[PDB]
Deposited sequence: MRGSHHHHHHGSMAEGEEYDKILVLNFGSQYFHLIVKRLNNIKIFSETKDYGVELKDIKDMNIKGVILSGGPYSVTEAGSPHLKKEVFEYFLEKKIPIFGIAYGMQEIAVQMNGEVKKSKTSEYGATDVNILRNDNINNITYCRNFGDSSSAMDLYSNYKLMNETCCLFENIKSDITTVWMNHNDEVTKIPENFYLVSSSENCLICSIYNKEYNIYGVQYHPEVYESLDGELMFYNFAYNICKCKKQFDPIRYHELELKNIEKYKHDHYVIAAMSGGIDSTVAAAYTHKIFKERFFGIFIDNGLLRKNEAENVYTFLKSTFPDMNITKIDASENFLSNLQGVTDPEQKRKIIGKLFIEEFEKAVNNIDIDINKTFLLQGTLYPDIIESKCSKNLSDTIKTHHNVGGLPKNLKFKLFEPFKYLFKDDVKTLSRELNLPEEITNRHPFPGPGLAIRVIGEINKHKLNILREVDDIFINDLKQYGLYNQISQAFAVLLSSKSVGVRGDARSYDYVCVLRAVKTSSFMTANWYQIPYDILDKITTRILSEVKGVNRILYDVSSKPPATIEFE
């Protein structure tokens, strides 16, 4: 049977967490924080938690996990979860800055920071530095846009959680993300999506508090499907499809998710699917003349003639920015029902693929995003293939897996679905970027060979030419696992990087 364990740092309360992880019939027991690797390498553990309290980070000798073991754990693709001091130090292994909080956090106090949408709400935001406008937090630090897969099926934004810590965590780690920000302690959690490194300064503990409790249930089960694993395979050998009434179909935008989903749908046979939208020079400019060749050639007998956009017209449309009509185009994923199918395959009986992930279809199922859009049209009007729900973002970046796919395609960063219709305002033309011959790919080309993809995750272009008030184009980069975090990174210290406080500019301002 499966098992979740503890690497305990300072747990005067750990039988409650064994009570938790075991309320859910999953196996849990105690081990020292200096427990041998050779022991834990044999067994079916896909979760490890850390527990601690008000132990000082300033004076070493306080509990600590070594490197080779950190590498060991990050390589096996097992997610990491720390509680207060455990997360205090998951932020030190990966970064590290904990100064002195004259105040404490004790007992159960209301914590209410959970989304990328928090200005006037917070009352304690003026607890330091005379913050007349609470966009400062949103600027210097940012949360995972994708609302709440954490705390699934509930959103009580008031989490009144047990704590007892005099010292406070003061800084954000890499792949910056911030799940909570309390009253006295305006930082209360930090979680990275792809590595799924959770960290929470609040201690659930005794039974008078709720929300905190179910977190461990959906924790155990949603980080890892233990008792019932199915991480690939299941819904694939699951396609009747009678006669030539229908075969599989693929939606594309240049996707790792679908670089191998191709194969999942393929089954060879000369072929059985078709591609949809994206020869766009916008997407990998070199692969516009070479996009459909490579999409035919990574697996040789593949096929390619997706009806596809190439860039974005200028003032054919609005010569201004209308928040409704700026970007609202999918631009290129279904979009058309008529002759998207090159054979008069049956109207609805024909199947479909999409590169939509459980973390990517969840923007869809949930609240439609304010700032950022990847790939819309996401069942209905077609045929339910249900491949979404299979695995996550890092899981499908690794979906290249044993397919041992070319690494220069993984060094290139993903592309959503709008193009430079997102955050490019109004008219424009040829003397302007339409084949994405600026920002993004620039970075990409020296992200591969100078050595920056290892640390930096993504980058894009933002052009602004509605009048000539002014017509600029401004650069910036993002270090994101989840779908939003774009803070200032130290590239070895009139295009602009990050002179502004991050907002009032966004990933796509």
property: Deposited sequence positions missing from the model - stretches, numbered from 1, in order; result: 1-18, 247-250, 355-356, 403-409, 500-508, 534-551, 568
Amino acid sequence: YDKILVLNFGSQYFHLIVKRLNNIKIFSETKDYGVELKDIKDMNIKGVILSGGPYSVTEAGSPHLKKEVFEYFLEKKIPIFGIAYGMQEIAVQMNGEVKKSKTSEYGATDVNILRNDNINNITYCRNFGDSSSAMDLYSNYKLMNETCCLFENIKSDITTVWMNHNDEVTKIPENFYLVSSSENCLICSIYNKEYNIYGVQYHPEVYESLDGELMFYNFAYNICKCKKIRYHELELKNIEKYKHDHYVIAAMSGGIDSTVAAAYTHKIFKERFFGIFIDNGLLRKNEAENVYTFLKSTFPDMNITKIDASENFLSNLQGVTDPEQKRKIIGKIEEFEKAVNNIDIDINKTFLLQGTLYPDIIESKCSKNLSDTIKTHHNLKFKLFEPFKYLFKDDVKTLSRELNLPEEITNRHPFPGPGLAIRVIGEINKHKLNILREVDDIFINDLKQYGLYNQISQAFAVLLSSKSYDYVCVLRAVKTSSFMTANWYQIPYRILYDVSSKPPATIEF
From here on, numbers count along this sequence of modelled residues.
| query | finding |
| --- | --- |
| Of 483-491 and 14-22, the one with larger mean CA B-factor | 483-491 |
| Residue stretch of maximal mean CA temperature factor, 451-459 vs 59-67 | 451-459 |
| Given 118, 180, 290, 350, the residue at which the Cα B factor reaches its maximum | 180 |
| Residue selected from 206, 113, 329, 214 by maximal Cα B factor | 113 |
| Residue 235 by Cα B-factor - lowest, middle or highest third of the modelled chain | middle |
| Chain-relative CA temperature factor third for residue 464 | highest |
| For residue 162, the third of its chain into which the C-alpha B factor falls | middle |
| Lowest, middle or highest third - CA B-factor, residue 29 | lowest |
| Entry-reported Cα temperature factor of residue 300, expressed as the chain third it lands in | middle |
